[PDB]
């Protein structure tokens, strides 16, 4: 409510820009919503959805995770630490999903989009599982432009939360794929300074980060506290004016506030 809105508003003033939060404690049904229905640029948070879409093709017997994908240097875009090592041998869809999630590998993400029907295909998938809000329009790296007032390549914290819940806890995917997406997000290496840094120590998190222009910094996660039902958390921020270290701190702090209020 208003008291809590004041706190998130103080963060927005502190860092500049615009902050969105949706959190849901599945064990009590309590939620936190701040700009939860406003659009924010997804940046790399879509890569979890891209992997999901590949898994959904496998569930439907139309695809195999072992299938080897060949690619060239014409496919390499910036920030592709994993794929930039396997041009010669190629990589499997499993390896590409893992790389896109755990290392936010841009080239791997574009490759997943290839096998999925592109941004329009990924969006189509999202509609198929009840997400009528989230939209991907472009490929890496252009999708990170994060232009103010631009609806392309956006979600809302509430839509992304609902979607992540369906994918990781609901029945949008088979048990095997759901478990596989779960393992990948838990194995993320890019999220240490963000949601993970704001939560109490013993809480297990699977997450996917995002970084983009106009000072965009995001993180979406499922959280498994000991002896409790899981929490779904989507945090988006854009437009802030702060260094890399403190954009990280903005997200961690919002996460910390959430754990106190939820």
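Numbering follows the first chain given and starts at 1.
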Could you settle it for me: does 128-136 or 72-80 have the higher average Cα B factor in the PDB entry? 72-80
The stretch carrying the higher mean Cα B factor in the deposited entry, 88-96 or 119-127, is 88-96
At the C-alpha atoms, which of 195, 231, 60, 51 reaches the highest B-factor in this entry? 60
Pick out which of 158, 185, 166, 108 has the highest C-alpha B-factor in the PDB entry. 108
CA B-factor ranking of residue 172, expressed as a third of its chain: lowest
Looking at the temperature factor on the CA atom of residue 205, which third of the chain's modelled residues does it land in? highest
Can you work out whether the C-alpha temperature factor of residue 12 puts it in the lowest, middle or highest third of the chain? middle
Of the three thirds of Cα B-factor ranks in this chain, residue 37 occupies the middle
Split into thirds by Cα B-factor across the chain's modelled residues, where does residue 145 land: lowest, middle or highest? lowest
